[PDB]
Amino acid sequence: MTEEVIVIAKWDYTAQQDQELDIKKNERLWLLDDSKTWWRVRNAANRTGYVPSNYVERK
């Protein structure tokens, strides 16, 4: 079973692909995998995708 990581974005980031999800400056995202350069995340909209949101801090 994969472990989920709870983090909060500090700056707005735009998805680099159509399968990824856009985030905001103060938007909380649900990470699924941070081992890869690209991180998989989930949103309150029930959508999930891989976004290398380097502009996010763990909390």
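Take the sequence shown: its position 24, counted from the start at 1, is 23 in this note's numbering, and no numbers get skipped. Ideal placement from N, C-alpha and C gives every residue a C-beta, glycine not left out.
Residues near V55 by beta carbon distance below 6 angstroms, same chain, minus five either side: Translated into the one-based positions of the sequence shown, residue 55 becomes position 56. Excluding sequence neighbours, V55 sits near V6 and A8.
For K58 and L31, what's the separation of their Cα atoms in angstroms? Residue 58 sits at position 59 when you count from the first residue of the sequence shown. Residue 31 sits at position 32 when you count from the first residue of the sequence shown. Going from the Cα of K58 to the Cα of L31 covers about 15 angstroms.
Please confirm whether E3 and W29 have their CB atoms less than 9 angstroms apart. Against the sequence shown, residue 3 aligns to sequence position 4. Against the sequence shown, residue 29 aligns to sequence position 30. The answer is yes: Cβ separation under 9 angstroms.
Exposed or buried, what is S52 when buried is set at 16 or more other beta-carbons lying within 10 Å of its beta-carbon? Position 53 of the sequence shown, counted from the start, is the residue given in the question as residue 52. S52 is buried by the Cβ-count criterion.
Just curious, the beta strand (DSSP E) that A8 is in, first and last residue? Sequence index remark: in the sequence shown, residue 8 carries index 9 (1-based). Run containing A8: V4 to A8, per the beta strand (DSSP E) assignment.
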